[PDB]
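What the coordinates show
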Amino acid sequence: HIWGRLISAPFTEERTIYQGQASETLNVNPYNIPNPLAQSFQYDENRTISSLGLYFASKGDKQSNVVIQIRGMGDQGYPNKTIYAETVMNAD
Amino acid sequence: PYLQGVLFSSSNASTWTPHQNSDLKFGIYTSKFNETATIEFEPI
Amino acid sequence: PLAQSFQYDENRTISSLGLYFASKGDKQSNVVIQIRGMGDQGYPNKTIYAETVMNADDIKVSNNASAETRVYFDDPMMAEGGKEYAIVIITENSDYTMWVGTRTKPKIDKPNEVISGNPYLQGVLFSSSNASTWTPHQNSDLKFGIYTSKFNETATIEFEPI
């Protein structure tokens, strides 16, 4: 087999939302540490989301992984059980 | 930090406790597709 | 009023509930036990699938969470698999208390030990001032037990000799 490089990209990405200020660390599962999180957003127009940006302060071992999902927001302003996207991110 | 968003936490990914004064450090990228795409492979 | 959410991975026939009260009111007081559904956004809804009234005599109490009062409904609650349901406990009297397990706190009968993890991972304790708006308690869950039944071929009653 042989490798291949995508020269002319099929799209160009642009960062439209960015919250850069950080002050603390919050465990992803605060209520089960021995001895999940979400963040809402919206747009004023129809936009094609291509990728996300996240910032982690620490991670687990090699074999651990984190599931990243995008879920909808219900009428009373809370996340719902519908999942529009899902992926698995390894520790590396 | 982000006015139109709220940080949430949950013990079972069903009941969410909001944190009004806190938001994640994150960025969302939006794309605009073009006319054509091209791949090149390493030489044989 | 307080509530506790739960769910099953399969279709089960809920026959009775188990609850633990730390104190109760006078003889004439009573507590209304209800089972309510859970909405799409993980909170109890106004729909009520079961309801029963428990008198003060039926409510057993203990100072070490040992006494278990059994709650029975007249129609069995058919819990669909994958759907969350919430027990709801309502009473107008202000002299009713219940045992609750909280993470990191010592156990009542074993102060040397502490509740390390979440008591019940798939449920959440709720509190409300009007049984409509619920405040969740992520780190706390009620001490409870749910009993599901399976029906057999035939039943028999024997009456005492006349």
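All of the points below concern the structure found in this document. (Residues numbered from 1 in each chain as written, not as in the entry; some residues may be left out. Chains lettered and ligands numbered in written order. Part of a larger assembly, values for the part shown. Heavy atoms only, no water.)

1. Things to note about the interface of chain A and chain B
Quick reminder of the rule: Any two residues having at least one pair of non-hydrogen atoms within 4.5 Å are treated as being in contact. In short, buried area is how much 1.4 Å probe accessible area vanishes from two parts on joining, totalled over both. A pair is scored as a salt bridge if a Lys or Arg side-chain nitrogen falls within 4 Å of a carboxyl oxygen belonging to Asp or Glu. For the purposes of these results, a polar contact is taken to be a pair of N or O atoms within 3.5 Å, where, inside protein, one atom must be able to donate a hydrogen and its partner to accept one; residues adjacent in sequence count only when each atom of the pair is a side-chain atom. A run of H or I in DSSP becomes a helix once it reaches four residues, and a run of E becomes a strand once it reaches two; helices and strands are each numbered from the N terminus.
Between chain A and chain B, the residue contacts involve 47 residues of the former and 34 residues of the latter. Both sides of the chain A and chain B interface together cover about 4,000 Å² of buried area, and 56% of this is carbon and sulfur. A per-residue breakdown of the area chain A buries against chain B is headed by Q19(A), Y31(A) and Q39(A), which together make up 17% of the total. At the junction of chain A with chain B, the criterion picks out zero salt bridges. Between the two partners, chain A and chain B, sit 24 residue pairs in polar contact. Every element with two or more residues in the side of chain A that touches chain B is listed here: β1 (4-8), β2 (11-19), β3 (37-39), β4 (49-54), β5 (65-73) and β6 (79-90) of chain A. When residues of the side of chain A that touches chain B are assigned to their parent elements, the largest contribution, nine residues, is made by β2(A).

2. Quick word on the nonpolar core
All names here are of chain C. The condition is simple: Nine residue types can take part in a nonpolar core, namely buried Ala, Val, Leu, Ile, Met, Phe, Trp, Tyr and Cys, and a core is a set of them joined through side-chain atoms within 4.5 Å. Per-residue accessibility, obtained with a 1.4 Å probe over protein chains only, is compared with the maximum for each type, and a residue is labelled buried under 20%, exposed over 50%, and partly exposed between these values.
Formed by 24 residues in total, the largest nonpolar core has its most connected members in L17, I33 and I89. Only β2 (12-19), β4 (30-38), β5 (44-55), β6 (69-79) and β7 (84-90) provide two or more residues apiece to this core. Looking at this core element by element, the count peaks at four residues for β6. Residue contacts for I89: discarding those within four places in its chain leaves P1, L2, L19, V31, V32, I33, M98 and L142.

3. Digging into the packing of aromatic side chains
Spelled out, the test is: To pair, rings of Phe, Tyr and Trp, with the six-membered ring standing in for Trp, must have centres within 6.5 Å; the planes then decide the type, stacked if under 30 degrees apart, edge-to-face if over 60, and tilted in the middle.
If you walk through the whole model with that rule in mind, you get 10 aromatic pairs over all chains. Judged by centre distance (6.3 Å) and plane angle (45 degrees), the rings of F6(C) and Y85(C) are tilted. Within this pair, whereas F6(C) is found in strand β1 (residues 2-7), its partner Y85(C) is found in strand β7, the two being separated by 79 residues in sequence. There is no split in this pair, since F6(C) and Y85(C) are both buried. Plain terms: the ring middles of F21(C) and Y96(C) are 6.4 Å apart, the flat faces sit at 75 degrees to each other, and that makes the pair edge-to-face. Taken together, the residues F21(C) in strand β3 (residues 21-23) and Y96(C) in the loop between β7 and β8 (97-98) connect sequence positions 75 residues apart. Across the pair, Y96(C) and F21(C) agree in class, each one buried. Feature note: the residues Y78(A), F8(B), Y43(C) and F126(C) constitute an aromatic cluster, connected by ring pairs.

4. Comments concerning the interface of chain C and chain B
As a reminder of what qualifies: Classification convention: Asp, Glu, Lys, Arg as charged; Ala, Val, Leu, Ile, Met, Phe, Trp, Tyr, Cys, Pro as nonpolar; all other residues, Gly among them, as polar.
At the junction of the two partners, chain C supplies 12 residues and chain B supplies eight residues. Where chain C abuts chain B, roughly 700 Å² becomes buried across the two surfaces, and 36% of that area is made up of carbon and sulfur atoms. Counting every contact that joins chain C to chain B gives zero salt bridges. Taken together, the links from chain C to chain B amount to six residue pairs in polar contact. When its residues are assigned to classes, the side of chain C that touches chain B shows five nonpolar, six polar and one charged.

5. What to know about the sheet that holds β5(C)
Residue and element names in this part refer to chain C. Our working rule: In this analysis, strands are considered paired if DSSP registers two or more bridges between them. Axis lines are fitted through C-alpha atoms, for helices just across the contact stretch, and the angle between N-to-C directions can take any value from 0 to 180 degrees.
If you trace the six strands from one edge of the open sheet to the other, you get β5-β4-β7-β1-β10-β11, paired in antiparallel fashion. One side of each edge strand has no neighbouring strand; the edge strands of this open sheet are β5 and β11 (135-137). Going across the sheet, the axis of each strand differs from the next one's by a mean of 25 degrees, ignoring polarity. The sheet contact formed by β1 and strand β10 (residues 125-127) spans three bridges and is antiparallel. Bridge pairing links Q4 to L125 in β10.

6. Observations concerning the layout of surface pockets
Residues and elements named next belong to chain C. How we decide: Using a 1 Å grid laid over the protein atoms alone, points where a 1.4 Å probe fits but cannot get out form a cavity; open sets with protein on both sides within 12 Å along at least 5 of 7 lines form a pocket; any residue with an atom within 4 Å of a point counts as lining. Grid points are joined across faces, edges and corners, and a volume is the space filled by probe spheres set on the points.
A volume near 360 Å³ is recorded for the second largest pocket. Along its surface, the second largest pocket is lined by 18 residues, and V100, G101, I108, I115 and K143 are the ones closest to its centre. Contributions of two or more residues to the lining of the second largest pocket are made by β9 (100-102) and β12 (140-142). The leading source of residues in the lining of the second largest pocket is β9, at three residues. Class assignment of the residues belonging to the lining of the second largest pocket gives a composition of 10 nonpolar, three polar and five charged.

7. Some details on the side chain of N80(A)
On the secondary structure map, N80(A) appears in strand β6. Polar side-chain contacts of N80(A) include one of 3.4 Å to the backbone nitrogen of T82(A). Once residues within four sequence positions are removed from consideration, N80(A) is found in contact with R71(A), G72(A), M73(A), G74(A) and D40(C).

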